[PDB]
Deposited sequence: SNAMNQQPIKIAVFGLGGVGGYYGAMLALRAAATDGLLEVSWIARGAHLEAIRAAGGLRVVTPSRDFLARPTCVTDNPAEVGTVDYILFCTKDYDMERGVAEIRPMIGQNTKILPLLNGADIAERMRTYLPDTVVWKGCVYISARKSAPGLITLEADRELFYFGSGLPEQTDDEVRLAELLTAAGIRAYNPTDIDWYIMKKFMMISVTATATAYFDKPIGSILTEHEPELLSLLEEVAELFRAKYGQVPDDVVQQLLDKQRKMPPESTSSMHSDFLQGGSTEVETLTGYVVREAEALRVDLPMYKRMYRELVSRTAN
């Protein structure tokens, strides 16, 4: 029986991974069905081209899905939902994808944020929502068109559980057969906080200083380090453990380079942790 994957939101992230999956589904003989939920002009341009176009430095291709629509109920239940929209509050996003959720369904949010999976697990079984994060420089740049500014991508995902499940191994094999650099680590929480801390510090620092990161390194290293230590202290408080050489590990990656801020301030409120730099930064350019 065919494995069925839906992609909800076809911007850079959903469009790129949805395109790679659709290529594989086309090259195989109904072992895989790939559906896309897209809307408006994007939806209309895809239907007219008969597919989604992806351009990268080295590639230029048209991926044709099994099904593309603005209506999840037309898709029906699937095995995997890749949740890739930034457009809805979580209440609304869950309501809209429900027609695709059946018995076997596993949902992968690939969005930035500290706690997207937790949020989505509010109204769904824990077993249904996995955690994921991507490293990819991809943009919907025109109706029906995704542009990658670099070919490189990383896709991490997992249940969090101590031993990988059948549905997980199945997804991992299936993602890598589609040529995606998929990794299914057991410590998926670590990849998730690691991603969020980097983009939290980087987003807040370049947004307050109105400067690129390499100019932040040279002139604002104390401040940058204050942010690194703060976010690290926050996480070290709530997820109990949270590595070390972690501040340093994060720090060095910066050299080779709005609730990425609000979340942090409020989470420390709750874990009774003072974070002066984040608080100065959040408050004084919410202005």
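- Missing from the model, relative to the deposited sequence, are the ranges 1-6, 264-283, 314-317.
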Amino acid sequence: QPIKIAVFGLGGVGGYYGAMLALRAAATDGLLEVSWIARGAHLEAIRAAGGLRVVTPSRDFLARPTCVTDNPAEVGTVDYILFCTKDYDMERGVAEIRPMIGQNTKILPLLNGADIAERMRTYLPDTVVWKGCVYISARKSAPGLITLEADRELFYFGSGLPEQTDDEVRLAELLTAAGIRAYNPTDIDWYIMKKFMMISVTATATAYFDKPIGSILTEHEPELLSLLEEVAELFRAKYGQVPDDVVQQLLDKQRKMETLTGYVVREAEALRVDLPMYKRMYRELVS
From here on, numbers count along this sequence of modelled residues.
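- Looking at mean Cα B-factors across 209-217 and 110-118, the upper value is held by 110-118.
- For the segment pair 59-67 and 241-249, the entry gives 241-249 the higher mean B-factor, averaged over Cα atoms.
- When the C-alpha B-factors of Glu163, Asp187, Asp79, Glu96 are read from the PDB record, the largest value belongs to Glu163.
- Sort the chain's modelled residues by C-alpha temperature factor and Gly51 lands in the middle third, per the entry.
- Sorting the modelled residues of the chain by their CA temperature factor places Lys86 in the highest third.
- Annotation for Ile37: CA B-factor lies in the lowest third of the chain's modelled residues.
- Per-chain ranking of the deposited C-alpha B factor places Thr261 in the middle third.
- The entry lists a Cα temperature factor for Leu234 that places it in the highest third of the chain's modelled residues.
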